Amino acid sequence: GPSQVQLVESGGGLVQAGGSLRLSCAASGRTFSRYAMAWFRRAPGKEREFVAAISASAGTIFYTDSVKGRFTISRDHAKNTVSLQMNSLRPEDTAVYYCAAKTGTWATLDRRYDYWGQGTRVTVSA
């Protein structure tokens, strides 16, 4: 097993402009703590930005206005596993999507999260 907390992103790939993609993230190994988890993204030219977060209890959900109404973040019945259903995508959604975890309350700044995944590529063709 791993020597630390590891986040593994799955899903992603190539989709048409108005298509859909479902990303997932799971804390590998055994973690006995419940984590708030979030999705960030870094576009080709831009910098890493916040996309969506969900509390450990799943009672709090929060999106950036860009994706508000098109993306849906949810916690899976399993331990520390979140999904991001992205619909009505657009070329401006193309980016590397990163998963982030945190004990305690959720936040929008990347420096507040304690663990990160390697990222998965999402590409949207016009």
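Start at 1 and count along the sequence shown; that's the residue number.
Participant: On mean Cα temperature factor in this entry, is 85 to 93 or 52 to 60 the higher one?
Facilitator: Higher mean C-alpha B-factor in the PDB entry: 85 to 93.
Participant: 96 to 104 versus 42 to 50: which one carries the higher mean Cα B factor per the record?
Facilitator: Comparing averages over the C-alpha atoms only gives 42 to 50.
Participant: Split the chain's modelled residues into thirds by Cα B-factor; is residue 27 in the lowest, middle or highest one?
Facilitator: Top third by C-alpha B-factor.
Participant: Lowest, middle or highest third: which one holds residue 15 when the chain's residues are ordered by CA B-factor from the entry?
Facilitator: Residue 15: CA B-factor falls in the middle third of its chain.
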